[PDB]
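The primary structure of each chain is shown beneath.
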Amino acid sequence: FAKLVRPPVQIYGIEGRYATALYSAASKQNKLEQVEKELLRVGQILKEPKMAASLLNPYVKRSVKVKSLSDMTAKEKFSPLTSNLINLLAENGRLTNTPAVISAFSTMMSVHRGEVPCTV
């Protein structure tokens, strides 16, 4: 028993658009490095057992836990193109399957290089 198939998960659209709808502004600047490298942090933070008890703790609050995030946003890598996606990632509670959103960034971060007036 307990067979299960466990369908694949990594890319979809709505979740992938989150990064593309945040880095979209980042691209205009070229912070893909500060938003793609940062996004990688959110992935390791979820793998952290101790983090799971903080990134998903209903004991904190709706606007309280967001403050503690800054500590992981100003001492991890975030701050610029991730000092907004951080609150958004922990605004509704999408810090469970967020690692999938970061992956899309790697594919969306490569489409920005071609989507530019290549005259030089």
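Up top you'll find the structure we're talking about.
Residues numbered from 1 in each chain as written, not as in the entry; some residues may be left out. Heavy atoms only, no water.

Asks: For this particular structure, what's the right way to read unusual backbone geometry?
Replies: With the exception of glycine, most residues fall at negative phi, and the peptide bonds are largely trans. In the Ramachandran plot, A2 falls in the positive-phi region, its phi being about 60 degrees despite a non-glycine side chain. With respect to the helices and strands, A2 occurs in the segment before helix 1 (14-20). Among the residues examined, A2 registers a relative accessible area of 67% and is labelled exposed. (Helix = DSSP H or I, 4+ residues; strand = E, 2+ residues; numbered from the N terminus. Buried < 20%, exposed > 50% of the residue type's maximum accessible area, 1.4 Å probe, protein only.)

Asks: Which parts of the structure should I look at to understand the side chain of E38?
Replies: With respect to the element layout, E38 can be found in helix 3 (residues 32-47). It turns out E38 is buried and unbridged, and the closest side chain with the opposite charge, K77, is 5.3 Å from it. Of the polar contacts made by the side chain of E38, one reaches the side chain of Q34; its length is 2.6 Å. Ignoring sequence-local partners within four residues, the contact set of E38 consists of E33, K77, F78 and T82. (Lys, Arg positive; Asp, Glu negative; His and termini not counted. Salt bridge = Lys/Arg side-chain N within 4 Å of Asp/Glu carboxyl O. Polar contact = N/O pair within 3.5 Å; in protein donor to acceptor, adjacent residues only side chain to side chain. Contact = heavy atoms within 4.5 Å.)

Asks: For this particular structure, what's the right way to read the packing of aromatic side chains?
Replies: One pair of aromatic rings is described through two measures. These are the centre distance and the angle between the planes. Considering all chains together, one arrives at one aromatic pair under this definition. Measuring from centroid to centroid gives 4.6 Å for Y23 and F105, while their planes differ by 45 degrees, and the two rings are tilted. One end of the pair, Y23, is in helix 2 (residues 23-29); the other, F105, is in helix 7 (residues 99-108), with 82 residues separating them in the sequence. Against the face of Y18 rests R94, its NZ or CZ located 4.6 Å from the ring centre. (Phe/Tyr/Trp six-rings, centres within 6.5 Å; stacked < 30°, edge-to-face > 60°. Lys NZ or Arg CZ within 6 Å of the ring centre and 35° of its normal.)

Asks: Help me understand helix 3 in this model?
Replies: One turn of an α-helix holds 3.6 residues; hence residues three or four places apart share an orientation. Between its terminal C-alpha atoms helix 3 stretches 23 Å, which fits the 22 Å expected from 16 residues at 1.5 Å a residue. For helix 3, every residue scored as buried is listed here: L32, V35, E38, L39, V42 and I45. All buried residues of helix 3 fall inside an arc of 145 degrees around its axis, so they share one side. Projecting away from the buried face of helix 3 at angles above 90 degrees are the exposed residues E33, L40 and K47. (Expected span 1.5 Å × (residues − 1). Arc of directions from axis to C-beta.)

Asks: What am I meant to see in the nonpolar core here?
Replies: Nonpolar side chains tend to gather and get buried jointly when the protein is soluble and globular. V35, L39, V42, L55 and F105 are the most contacted members of the largest nonpolar core, which totals 23 residues. Considering every element that reaches this core, the biggest residue donor is helix 3, with five residues. Non-local contacts of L39, meaning those with residues more than four positions away in its chain, are made with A19, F78, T82, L85, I102 and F105. (Core = buried A, V, L, I, M, F, W, Y, C linked by side-chain atoms within 4.5 Å.)

Asks: Is there a simple way to explain the environment of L95 in this structure?
Replies: The topology assignment puts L95 in the loop between helix 6 (85-89) and helix 7. Spatially, the C-alpha atoms of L95 and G43 are 9.1 Å apart, while their sequence positions differ by 52 residues.

Asks: Whenever I open this one, the packing of helix 3 against helix 7 confuses me. Can you help?
Replies: For any two helices packed against each other, the geometry comes down to the angle between their axes and how far apart the axes lie. Close contact between helix 3 and helix 7 brings their axes to 9 Å; oriented N to C, the two are set at 155 degrees. Judged by the angle between their axes, helix 3 and helix 7 are roughly antiparallel. As for the relative orientation of helix 3 and helix 7, their crossing is left-handed in sense. Of the residues in helix 7, those touching helix 3 at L32, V35, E36, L39, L40, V42, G43 and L46 are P99, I102, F105 and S106. Taken together, the residues that form the contact of helix 3 with helix 7 break down as nine nonpolar, two polar and one charged. (Axes fitted to C-alpha atoms, helices over the stretch in contact; angles between N-to-C directions. Parallel < 35°, antiparallel > 145°, perpendicular 65-115°, else oblique. Left-handed = near helix turned anticlockwise from the far one by under 90°. Nonpolar A, V, L, I, M, F, W, Y, C, P; charged D, E, K, R; others polar.)

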